[PDB]
Amino acid sequence: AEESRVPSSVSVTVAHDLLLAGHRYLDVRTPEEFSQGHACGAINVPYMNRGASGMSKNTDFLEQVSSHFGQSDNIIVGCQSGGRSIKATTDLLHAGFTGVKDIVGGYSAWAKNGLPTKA
């Protein structure tokens with residue numbers, strides 16, 4: 001009974017219900033999105049980011065992380081774009097990108113609010 005690897009696709013609409021549950025939201029709009037910082041109730045990062053997280057930058061750690069862990073292991077991830085990115089995520093899934101939910105959009109919708117929490 002393992003469930004550390006489960007790739008699923010959904011829309012920010014259904015994820016929103018889960019977002020109310022208070023679950024970590026991973027979003028990757030663009031490396032520059034990181035330079036902007038974080039968000040209020042939304043964690044948007046470029047897949048991998050070096051930090052006190054224990055150093056993890058999409059480069060080789062994938063072999064160590066994909067070894068049995070996912071950068072978003074058990075998380076809700078979503079690319080700024082949908083459909084076109086949905087199949088794109090499948091390419092990353094082959095490299096090891098499961099155990100998380102694939103949401104469509106994210107920052108665009110959260111941006112609609114205008115409440116970005118960050119340093």
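Note that we place each Cβ from the backbone using ideal geometry, even for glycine, and neighbour counts take in every protein chain shown. No lab work stands behind these numbers, since they all come straight from the coordinates.
Miscellaneous remarks
- Note on region 55-111: Cα-only Rg and Dmax are 12.0, 35 Å.
- Under 19 Å from residue 87, Cα to Cα: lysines that are on another chain or at least 8 residues apart: 101
- Kirkwood Rh and Cα Rg combined as Rg over Rh, evaluated for region 39-86: 0.99
- For region 71-119, the relative contact order is 48 percent, taking Cα pairs closer than 8 Å that sit 6 or more residues apart in sequence and dividing their mean separation by the residue count.
- Rounded FRET efficiency, nearest 0.05, which uses the C-beta distance separating residue 3 from residue 63 and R0 of 30 Å: 0.85
- Centroid-to-centroid, using Cα positions, region 78-119 and region 1-31 are 8 Å apart.
- The value obtained for the chain, namely the Cα convex hull volume divided by the number of residues, is 115 Å³ per residue.
- For residue 57, a cut-off of 17 angstrom between C-alpha atoms picks up these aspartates and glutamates, skipping any fewer than 8 places away in its own chain: 27, 32, 33, 73.
- Listing 47, 107, 25 from fewest to most neighbouring C-beta atoms within 10 Å gives 47, 107, 25.
- Full extension of the segment from residue 112 to residue 75, taken as 0.36 nm per residue of separation minus the current Cα-Cα distance, would add 11.1 nm.
- Cut-off of 10 Å, at most 16 other beta carbons, DSSP loop: longest stretch of the chain lacking such GluC sites (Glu not before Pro): 4-119
- Loop exposure criterion: trypsin sites (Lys or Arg not before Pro), DSSP state outside H, G, I, E and B, at most 12 other Cβ atoms within 10 Å. Applied to the chain, the longest stretch between such sites is 51-117.
- ³J(HN,Hα) computed for each position of region 60-73 - Karplus, 6.51 cos²θ - 1.76 cosθ + 1.60, integer Hz, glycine/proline x: 8, 3, 3, 4, 6, 6, 4, 3, 5, 9, x, 3, 10, 2
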